[PDB]
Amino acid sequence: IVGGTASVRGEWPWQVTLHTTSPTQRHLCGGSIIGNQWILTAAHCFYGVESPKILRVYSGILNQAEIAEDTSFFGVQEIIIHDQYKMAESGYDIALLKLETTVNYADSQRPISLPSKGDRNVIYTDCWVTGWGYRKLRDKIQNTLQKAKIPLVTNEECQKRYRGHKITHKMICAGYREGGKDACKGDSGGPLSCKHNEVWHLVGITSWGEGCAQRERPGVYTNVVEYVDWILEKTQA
């Protein structure tokens, strides 16, 4: 996260850190708890990943330092990538992780509600992007989960900032015209939480952008509301 600040412990209870154990353990992507056995994240996060066996999901984490060899984690039973996904910039950047075991909810780890189709007209004025990602295009994973408040931008506005790309309605952007605050490498798969009427909603999934926090280059996120039907289909046994 660029231009953000340290989050308060338990402030984003749905945020998880997804690690890969190959070659050695390290943070791979962010993700969001949306069900007792389900993590919603980004599809492009699994490039080069041929088995769920090397994945470890850690919930209730503030500092990466809390994760040690003796720290408990959730194994991944199955990685479900949207069948139309090809690459982040083309959309459909969404994936589900079916955990091997169930998450016991608590103040430190609980699910975030999905947006409803009846909230597309609603205007989110309190949105935040979070993660352990870079603080600059060239950096490294951060210890403390970072947070940054960022305004949503209309698709038409976003399309103007990405002439070489096609910003579809299945995408949603957020950023400041002057830049300064934005997601960055390592934040992928992270949630774009927005609080409306005292209730947090998972509005987007950190997907891509040109550089990080550059002027007139809004972050691009997967428009979650467009996948509630998909999520229901894939999570219902």
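Numbers follow the displayed sequence, beginning with 1.
Higher-scoring stretch by recorded Cα B factor average, 156 to 164 or 95 to 103
Looking at the record's C-alpha B-factors, the answer is 156 to 164.
Averaging only over Cα atoms, indicate whether 110 to 118 or 136 to 144 has the higher B-factor in the PDB entry.
Per the PDB entry, the higher value belongs to 136 to 144.
Which one of 38, 58, 176, 208 shows the top CA temperature factor in the record?
176 has the highest C-alpha B-factor of those listed.
Going by the recorded CA B-factors, say which third of the chain residue 2 sits in, lowest, middle or highest.
Answer is middle: the recorded C-alpha B-factor places it there.
So where's residue 62 on the chain's Cα temperature factor ranking, which third?
Lowest third, going by the recorded CA B-factors of the chain.
Taking only the Cα B-factors deposited for this chain, tell me whether residue 198 sits in the lowest, middle or highest third.
Top third by C-alpha B-factor.
Sorting the chain's CA B-factors, does residue 130 end up in the lowest, middle or highest third?
Its C-alpha B-factor belongs to the lowest third of this chain's values.
Quick check for you: using the entry's CA B-factors within this chain, is residue 68 in the lowest, middle or highest third?
Its C-alpha B-factor, which the entry lists for residue 68, ranks in the middle third among residues of this chain.
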